[PDB]
Structures are given as C-alpha cells and as structure tokens.
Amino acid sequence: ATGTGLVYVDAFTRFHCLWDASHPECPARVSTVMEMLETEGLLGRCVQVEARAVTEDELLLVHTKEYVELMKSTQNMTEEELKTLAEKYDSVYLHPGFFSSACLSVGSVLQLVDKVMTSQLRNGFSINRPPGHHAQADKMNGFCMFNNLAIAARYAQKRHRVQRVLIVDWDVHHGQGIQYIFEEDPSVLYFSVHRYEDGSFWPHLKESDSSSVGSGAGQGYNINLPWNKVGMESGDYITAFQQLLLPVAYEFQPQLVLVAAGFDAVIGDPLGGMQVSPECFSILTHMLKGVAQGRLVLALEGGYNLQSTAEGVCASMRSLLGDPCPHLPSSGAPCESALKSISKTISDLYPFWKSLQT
C-alpha cells in the first residue's frame, strides 16, 4: 500500500544494434542501473511489479494501425531488411527482438499506473528500454518505437477515468513525439526542459522553442524550456521547477504525474553536454510528489553514461522511497542563460496560468 513499485525484466536486454557495437542505446544501460540499485540496497526496498505486453488496442490509443502492423512485422525480418527500414527514420536501429521488448517497455509503465491509481503503491519506476518520448503516431524516431508515456497517459484516462495527466520530461532532448500527440489536448499537460541552442541541438525543431504553447483547444498546455548554453547545473533545474513547473502543476491539478526520466542531462553523459549532479533528481522528484496525491510514475528515457544514469536513477529512487532530501554538492545560483530561458518561457505561458502572473 505504501510501497514504491519497480519493473525490470530480462527482455529489456535482449535487443541491441547489430551493425554498430558501440551504439549508446544498449543493454548495459539497464543492467548497470539494476546492479547499482542492488549494491545501494534500494532494489530490495522496492515492490517488484511484473511487466506485461501492451495490447494492440492500447498501442492504437496513440499509434496508427498501419505503423503498428509494420513494427509487428520487424520480428521476422532479415538484418538487411531491418537496416533498410531503420534508415527510413531519423536515428533508429532495429533488431528481431525490438518489437517484443518495446511492447514490454510500454506495458511496464501501464502496470505501474494500475498499481498507483488503485492505491496499491504510492509511486513507481520502470527500468525500461527501449525509450519512448520521440516515437510518433506513425514513425520511429530517436531510438524509440512506441511512445511509452503517451500511451500510459491515454490508458490512465480510459482505464482509470483520470481527467488530467501531467507529463514532465527532464531528458536532455525534447520529447517532440509527446508534444505532437497532445498538442491540441488540454487534458494532458506536457512540460519539457531540454537543450536547444537555437535548434542546433537535435532534433533541430523550431517547435522545441518556448513559443510552441499548444494549439487549438490545447493552448497553454505545452510548456517548452529550451536551454541555449551547455553546462547547465542543478541550480538551473531547481529554479525552473520552483518558479515555472510546480506553480503550473498545482494550478493544473493533475491526477497522475508521468516522468520521462532520462538522465542524459547528468554530468558525464556523452550526448547531453550538461553538468547536473545526479543528486539533483532527488530534489526534483520530491517536488513532484506534492501534486496528484503523489501518484507519480517514472520511466527511463535516455541517459548513456552507464554510471551517471545509474546514479540518477538511484537518486530519484531514494526520493520515491521517502528518504531525506540530500545535501547538494554545488547549490549554486542559476546562470544568466538559464534565467533568460526561464523568463522567456514564463513570458510565453503567462496568459494561460495565473500562478505565473507575479
């Protein structure tokens, strides 16, 4: 009843890049996380929750039938056919076990949502791969096949009659797939903090700027915080959460919080270029527990330094378990660049949120 759920299955390690032995999205990502959770004594304090395969109908909450059929067919393809198809998308690989593992990756999040919404667990973390936040209605993208958290949000709405879901994406990349799926939807609030650099950082989209606030019925319910300098630190994230994200979150009154919990913003990541201490994520996780009765589910997205990502997961897990907020190595003030970005996003979202009108 008062526990923290954890999902991990060996299938999460049974796919990898056949044609690039050094691809950063690899099985060692999750096995290293699991090893550190054990050596830190955190794994044994969690409630083990079994994974399950997403159903076709659940995938169709977000993805097209044509795309689901195509992805289902990759389990029977030759390596040459997998490479030919993978190259039709931006930055993906395929593997005979990718579809099977991707279905368990979605399902792991749904399993935690079930436990949390029925008050059987307080919160949970899925240690899943492949990641999801770049996947789109009809295409793979950015190492992702299915959009784990977008499916989970719509599942929570359909299965548990949740009205409002908050998705917080602290991966260093913009989860444009999530943004696109919910762009016109005021019932799912999407917040992303990400490296941008005027579009020079992948995925190079103007829609990743803070001027993209949602459209149609969804205006105000998409919040982008783009960083335009590398080297951001814990203080930059803490400031953004205290004065932008959490004021909006309390005004929105979500009934479930889903976190796209990537750790490629952590110190040492080979792709992210940021300097956030892993301990920062204990603090960010604590803040999110005050909303939605603490009904909080984290799911692994990116993070490609094996040690840094494990440390980030552990720091988040200590907070889910209710351990004391840890002292931070560098509790410095935010930098000028971060403050410019935060001010501009606040400016763009001001008309929609009373809690930002200060």
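All residue numbers refer to positions in the sequence shown, first residue = 1.
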Quiz prompt | residue 333 coordinate gap across at least a third of other entries | solution = yes
Exercise. Please work out which of 87 to 95 and 105 to 113 has the higher mean CA B-factor as recorded in the PDB entry.
Key: 87 to 95
Quiz item: Should the higher mean CA B-factor in the entry be assigned to 265 to 273 or to 125 to 133?
Solution: 265 to 273
Quiz item: Looking at 207, 251, 79, 183, which has the highest Cα B-factor in the entry?
Solution: 79
Practice problem: Could you check 293, 331, 316, 32 and tell me which one carries the biggest Cα B-factor in the deposited entry? | Solution: 331
Quiz prompt | Position of residue 53 among the chain's modelled residues by C-alpha B-factor, lowest, middle or highest third | solution = highest
Exercise. Classify residue 302 as lowest, middle or highest third according to the C-alpha B-factor given in the PDB entry, relative to its own chain.
Key: lowest
Exercise. Going by the recorded CA B-factors, say which third of the chain residue 147 sits in, lowest, middle or highest.
Key: lowest
Quiz item: Where does residue 280 sit by CA temperature factor within its chain: lowest, middle or highest third?
Solution: middle
Practice problem: Using the B-factors in the PDB entry, rank residue 231's C-alpha atom against the chain and give the third, lowest, middle or highest. | Solution: highest
